[PDB]
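The structure file structure32.cif is reproduced below (mmCIF, C-alpha atoms; chains and numbers go by the auth columns).
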```
data_start
loop_
_atom_site.group_PDB
_atom_site.id
_atom_site.type_symbol
_atom_site.label_atom_id
_atom_site.label_comp_id
_atom_site.label_asym_id
_atom_site.label_seq_id
_atom_site.Cartn_x
_atom_site.Cartn_y
_atom_site.Cartn_z
_atom_site.B_iso_or_equiv
_atom_site.auth_seq_id
_atom_site.auth_asym_id
ATOM 1 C CA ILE A 1 1.727 7.183 7.497 0.00 3762 A
ATOM 2 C CA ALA A 2 2.130 10.727 8.812 0.00 3763 A
ATOM 3 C CA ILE A 3 -1.363 11.789 7.752 0.00 3764 A
ATOM 4 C CA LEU A 4 -3.036 8.544 8.902 0.00 3765 A
ATOM 5 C CA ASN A 5 -1.168 8.322 12.215 0.00 3766 A
ATOM 6 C CA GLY A 6 -3.622 7.525 14.986 0.00 3767 A
ATOM 7 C CA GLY A 7 -6.182 6.037 12.598 0.00 3768 A
ATOM 8 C CA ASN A 8 -7.984 9.290 11.804 0.00 3769 A
ATOM 9 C CA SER A 9 -11.479 8.250 10.759 0.00 3770 A
ATOM 10 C CA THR A 10 -12.005 11.424 8.721 0.00 3771 A
ATOM 11 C CA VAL A 11 -8.998 10.705 6.509 0.00 3772 A
ATOM 12 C CA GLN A 12 -9.877 7.012 6.267 0.00 3773 A
ATOM 13 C CA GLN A 13 -13.410 7.884 5.152 0.00 3774 A
ATOM 14 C CA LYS A 14 -12.142 10.427 2.627 0.00 3775 A
ATOM 15 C CA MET A 15 -9.767 7.882 1.088 0.00 3776 A
ATOM 16 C CA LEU A 16 -12.528 5.266 0.940 0.00 3777 A
ATOM 17 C CA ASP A 17 -14.982 7.694 -0.662 0.00 3778 A
ATOM 18 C CA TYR A 18 -12.407 8.778 -3.237 0.00 3779 A
ATOM 19 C CA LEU A 19 -11.630 5.169 -4.153 0.00 3780 A
ATOM 20 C CA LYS A 20 -15.327 4.303 -4.416 0.00 3781 A
ATOM 21 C CA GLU A 21 -16.218 7.336 -6.548 0.00 3782 A
ATOM 22 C CA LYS A 22 -13.197 7.005 -8.859 0.00 3783 A
ATOM 23 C CA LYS A 23 -12.995 3.256 -9.444 0.00 3784 A
ATOM 24 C CA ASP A 24 -9.221 2.716 -9.404 0.00 3785 A
ATOM 25 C CA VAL A 25 -8.142 -0.904 -9.742 0.00 3786 A
ATOM 26 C CA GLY A 26 -4.689 0.469 -10.531 0.00 3787 A
ATOM 27 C CA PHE A 27 -4.194 1.520 -6.912 0.00 3788 A
ATOM 28 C CA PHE A 28 -4.775 -2.011 -5.621 0.00 3789 A
ATOM 29 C CA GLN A 29 -2.669 -3.462 -8.437 0.00 3790 A
ATOM 30 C CA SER A 30 0.153 -1.099 -7.468 0.00 3791 A
ATOM 31 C CA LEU A 31 -0.136 -2.159 -3.828 0.00 3792 A
ATOM 32 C CA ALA A 32 -0.011 -5.824 -4.840 0.00 3793 A
ATOM 33 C CA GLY A 33 3.035 -5.195 -7.017 0.00 3794 A
ATOM 34 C CA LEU A 34 4.824 -3.328 -4.236 0.00 3795 A
ATOM 35 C CA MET A 35 4.205 -6.031 -1.640 0.00 3796 A
ATOM 36 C CA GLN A 36 5.286 -8.628 -4.204 0.00 3797 A
ATOM 37 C CA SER A 37 8.533 -6.765 -4.938 0.00 3798 A
ATOM 38 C CA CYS A 38 9.316 -6.162 -1.251 0.00 3799 A
ATOM 39 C CA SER A 39 12.688 -7.729 -0.487 0.00 3800 A
ATOM 40 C CA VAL A 40 13.298 -10.532 2.010 0.00 3801 A
ATOM 41 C CA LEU A 41 16.375 -12.058 3.606 0.00 3802 A
ATOM 42 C CA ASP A 42 18.555 -13.955 1.128 0.00 3803 A
ATOM 43 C CA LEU A 43 21.265 -16.310 2.355 0.00 3804 A
ATOM 44 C CA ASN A 44 23.366 -16.331 -0.830 0.00 3805 A
ATOM 45 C CA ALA A 45 24.132 -12.609 -0.653 0.00 3806 A
ATOM 46 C CA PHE A 46 25.005 -12.900 3.034 0.00 3807 A
ATOM 47 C CA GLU A 47 27.388 -15.779 2.298 0.00 3808 A
ATOM 48 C CA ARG A 48 29.025 -13.710 -0.444 0.00 3809 A
#
```
Using structure tokens, write down the structure that the file contains.
Amino acid sequence: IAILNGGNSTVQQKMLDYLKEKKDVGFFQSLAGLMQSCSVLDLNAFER
């Protein structure tokens, strides 16, 4: 977030080029896993 703050096109392009050159499905799989494991509000714990 700190490096990409303001939507720096240079950094965005460098990340895209790195991902394209080094085909890394693991990065997207890790992102999917993180957003799947992100916590949400649960009523049972609040009642406890």
One number please: atom CA of residue 3764 of chain A to atom CA of residue 3776 of chain A, in Å, one decimal.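 These two atoms are separated by 11.4 Å.
Across the structure, atom CA of residue 3771 of chain A and atom CA of residue 3783 of chain A are spaced 18.2 Å apart.
Counting from atom CA of residue 3778 of chain A, the distance to atom CA of residue 3798 of chain A is 27.9 Å.
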